[PDB]
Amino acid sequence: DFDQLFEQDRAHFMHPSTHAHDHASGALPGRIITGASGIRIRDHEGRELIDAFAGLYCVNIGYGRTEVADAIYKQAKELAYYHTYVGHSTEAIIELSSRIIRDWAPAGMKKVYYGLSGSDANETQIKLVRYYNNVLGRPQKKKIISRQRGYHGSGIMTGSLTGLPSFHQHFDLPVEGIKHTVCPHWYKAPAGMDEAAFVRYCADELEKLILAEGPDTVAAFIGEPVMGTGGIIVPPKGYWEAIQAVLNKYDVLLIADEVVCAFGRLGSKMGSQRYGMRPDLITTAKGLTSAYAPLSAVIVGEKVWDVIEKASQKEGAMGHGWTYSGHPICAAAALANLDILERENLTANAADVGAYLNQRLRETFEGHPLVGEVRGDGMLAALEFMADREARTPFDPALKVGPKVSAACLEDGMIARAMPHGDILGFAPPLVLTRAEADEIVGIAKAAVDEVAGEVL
C-alpha cells in the first residue's frame, strides 16, 4: 500500500532539505521508515540499514528504546501539557533542569530555558545577548561573530549565524550585524603554517575583525566545540584557549553551540569541558532527548543570569516565551534519555569505541588515493575526498564524489551522510556502538570508497 502513501507524500508533504521538483516528480525517490532497533532502521521495502549517522547526530542511546516510550506515555496520561508561564512547572521539568546543571553542564552554569529545536535555542541566545547589553546600558554592543562552515540553524537570524551558503540562498542572509571569522580547519590553513601558527592566525584574524568592527559594537562569539554539519572539523590544539583570550580582552560573550557535542557524543559530558571552553551561554538539543521527543535547552551562566535577574527589578518580566517551552512529555523523554546515558555509561562507551572507530578509519584510509583527510573525535568521524591531497584541490562539485560514496554505502546497507559543501563522508553513530559494529561500518565504507575511486580516478 506504499504506492498510495507516496502519491500523497508527493502531492502534499513539503519535506525539509529536499529537492522540491525531483521529489514531486518522483525522480528523487521517497523512503518510508517503518521501524528501528539498536543501530538499524527498517524501510518500506523491508531493508534493514545500519544507521551510522544516528538520524542526524541525535539518536544517541540507539533506536527502539521502549523504556523512553514508557516514560513519554506515563507523562502523556498524567499531564501531557500545561504552560510554564508565570512560575508554572511540572515535576519533570524541574528535575531535568537540576540534573542538567548539576550532572552535565560545566562549572558556573545556573539556569535552563527550554524550546523545541536547536534553531529556536540559538534564536533565544540572540535575544538574550541583546537584552544583556541593553540593560547594562551598552545599546551598541550587539554584533555576533560566527565562523565559516559553522552550523547554528535554519532560521533567518540563526541561518545568518550558519556559515554554509545553502542556508543563505535566496533568503538574503547573512543579515547585517552578523560576521564570520575563519573556519579553524588546519588541513586547509594557509600553506606552510604549522598547528601553533594556524592557531595564532585564527586568533589574530578574530582580533582584527573585532577591531575593524569596533569592540564596543561586538556582543558575542558563537561556536561549536567541534563543527558538525560543516563537517566534522576538529579544532587545532590550543585553538579554544587562544580564542577565549581574545574574547576576554574585548569583553565578548562566548556562546558554545553544543547541539551535537552535548550529552556524551565526544566521550565527554559536553565539548566545552573537553576543550577547556568556559562559555557564558550554551545551546543544546538532539542528544538531550536522543530525538525521542523534540526539546532544546539554553543553559545560562552565572554572569548572564545575574544581569537578567537584577534587570527584572526595574524592567519587569522579560518578554520571551514559547507556548511549548518546557513541554512535559518532552521533559519526560529527556529524563529517561539521561537515565539511560548514565546507567550504561554511554559517555565512556563513546570514548572507547569512538577512539577505536577513528583509529580504524585512519589505518584503513590514510594514504588511500581518493581521501584528502581523515578526521574525528569521540563518536564523530569523517573522510574528506580530494582531487589533489597536497595541493588541497577539491573535485569538481558536479562530479558528486561525496554523494556517490554515500549512495554506494547505502547499497551495501549503511547510512552515512554526504556532508554539504564539499566531498565529505560523515559518521555519527549511536553511542551504543560496539567494536564489531564499528568494524562492519569501516568494511562497508572501504568497499564504497574503493568502488567510487575506481569510477572517478
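All residue numbers refer to positions in the sequence shown, first residue = 1.
The stretch 45 to 53 shows the higher mean C-alpha B-factor when 45 to 53 is compared against 58 to 66 in the entry. Of the two stretches examined, 222 to 230 and 202 to 210, the record assigns the greater average C-alpha temperature factor to 202 to 210. Comparing C-alpha B-factors across 354, 279, 238, 369 in the deposited entry, the largest value falls on 369. The PDB entry gives the largest Cα B-factor of the residues 111, 168, 179, 88 to 179. Sorting the modelled residues of the chain by their CA temperature factor places residue 321 in the lowest third.
Per the PDB record, residue ranking by Cα B-factor puts residue 195 in the highest third of the chain. When the modelled residues of the chain are ordered by C-alpha B-factor, residue 14 sits in the lowest third. Sort the chain's modelled residues by C-alpha temperature factor and residue 289 lands in the lowest third, per the entry. Remark: residue 385 belongs to the highest third of its chain, ranked by C-alpha B-factor as recorded.
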